[PDB]
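Generate a structure from the sequence data that follows.
(one chain, ligands or ions: 2)
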Amino acid sequence: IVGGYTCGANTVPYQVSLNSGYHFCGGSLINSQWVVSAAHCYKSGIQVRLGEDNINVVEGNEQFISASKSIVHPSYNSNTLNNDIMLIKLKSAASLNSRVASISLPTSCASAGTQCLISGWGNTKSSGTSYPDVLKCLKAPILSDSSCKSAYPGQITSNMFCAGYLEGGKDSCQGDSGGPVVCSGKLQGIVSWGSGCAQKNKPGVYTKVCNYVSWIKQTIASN
Ligand SMILES: COc1cccc(CN)c1
Ligand SMILES: [Ca+2]
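Residues are numbered from 1 along each chain as shown. Ligands and ions are numbered 1, 2, ... in the order given. The structure is reproduced below:
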């Protein structure tokens with residue numbers, strides 16, 4: 001997260017870190033045994049880490065649970081990043097509490113202008129590299145489809161939305177991938193892609209979660 005703020009420990013209780021020896025992606029807890037992330041975060045040997053603030057220190061509220069299975073969206077295209085969504089099932093159910101909690105799926109798609117919360121442990125610099133160890137947060141509006149399409153000609157599908165600031169300076173970044181965009185207490189987006197971070201006229205692009213609710217529910221119900 002570039003240009004954000006320190007969230008505060010366990011203030012984003014649905015935020016998870018995906019760890020394969022090291023943090024590589026964010027995700028969102030959507031019930032006691034399932035996480036939603038980006039398809040481009042797919043790999044083997046994933047451990048889900050819940051209740052994290054400082055990802056380098058065991059602070060006392062963590063639950064570490066290995067993934068039993070990952071399910072990448074059947075229509076995911078890694079070139080265009082269309083359908084950039086994947087489900088991860090936990091080997092055992094997380095113990096839910098005030099600091100480890102699921103986030104509700106949307107019943108409706110959020111409109112342009114809606115304020116949302118984007119969070120992650122990604123890079124905090126727009127040039128060069130610095131990784132925070134504590135969770136960072138950014139409040140950002142959803143942008144209009146037209147402004148999003150104008151920013152990225154030929155690349156925005158009906159399964160994507162832009163959020164952030166056309167002026168730059170505030171954005172998601174490398175390592176935030178797969179993490180939440182939450183608006184009015186619902187998971188509306190997943191950190192997917194962009195052109196660099198916090199650059200003028202290159203806002204972050206997010207997977208449009210409201211398009212996948214049926215797939216998520218049906219997949220969970222049979223797996
Ligand atoms: C360039 O790497 C990125 C990864 C995730 C999200 C974003 C959005 N600026 C960028
Ligand atoms: Ca920790």
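
starting at the chain centroid, how far to the longest helix along the chain?
The residue-count maximum for a helix in the chain (DSSP state H) belongs to helix 213-221. The chain centroid and the centroid of helix 213-221 are separated by 18 Å under C-alpha atoms, centre = their mean, to the nearest Å.

CA-only coordinates of it in PDB, if you can.
C-alpha atoms of helix 213-221 as PDB (Å, rounded to 0.1, in the frame of the first residue of the first chain):
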ATOM      1  CA  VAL A 213     -21.000 -14.700  -5.700                       C
ATOM      2  CA  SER A 214     -22.900 -17.500  -7.300                       C
ATOM      3  CA  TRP A 215     -19.700 -19.300  -8.300                       C
ATOM      4  CA  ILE A 216     -18.300 -18.800  -4.800                       C
ATOM      5  CA  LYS A 217     -21.400 -20.100  -3.000                       C
ATOM      6  CA  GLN A 218     -21.800 -23.100  -5.300                       C
ATOM      7  CA  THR A 219     -18.100 -24.000  -5.100                       C
ATOM      8  CA  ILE A 220     -18.100 -23.800  -1.300                       C
ATOM      9  CA  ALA A 221     -21.300 -25.900  -1.100                       C
END
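
Does the nearest residue to residue 113 once chain neighbours are set aside lie in a helix or a strand, and which?
Nearest residue to residue 113, sequence neighbours excluded (C-beta to C-beta, 6 or more residues apart in numbering): residue 141, at 5.9 Å. Backbone N, C-alpha and C define where each C-beta goes, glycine included. Using DSSP states H and E, residue 141 maps to strand 136-141.

Show me what that strand is packed up against.
strand 5-6, strand 115-120 (3 or more C-beta pairs under 8 Å, 6 or more residues apart in numbering; DSSP states H and E).

from memory residue 6 sits against residue 134, does it?
Yes - with contacts counted by C-beta atoms under 8 Å, residue 6 reaches residue 134, the gap being 5.7 Å.

Pull the contacting residues for the closest residue to ligand 1 within the chain.
Nearest residue of the chain to ligand 1: residue 194, at 3.0 Å (C-beta to the nearest ligand atom). Residues in contact with residue 194 (C-beta atoms under 8 Å, 6 or more residues apart in numbering) are 171-172, 202-205.

Closest one to residue 34 out of the residues you listed, please.
Proximity of the contacts of residue 194 to residue 34, judged by C-beta to C-beta, is greatest for residue 172, which lies at 22.4 Å.

what are the phi and psi values for that closest one?
Main-chain dihedrals, residue 172, degrees, to the nearest 10: phi -80, psi 170.

For burial, what's the neighbour tally of it?
Residue 172: 34 surrounding residues under other C-beta atoms under 10 Å.

now the strands for the protein?
Taking DSSP state E as the test, the strands found in the chain are 5-6, 15-19, 23-31, 34-37, 47-50, 63-72, 86-90, 115-120, 136-141, 160-163, 180-183, 186-193, 204-208.

Nearest to ligand 2 among those would be which one?
Judged by C-beta to the ion, the one of those that comes nearest to ligand 2 is strand 47-50, at 7.4 Å.
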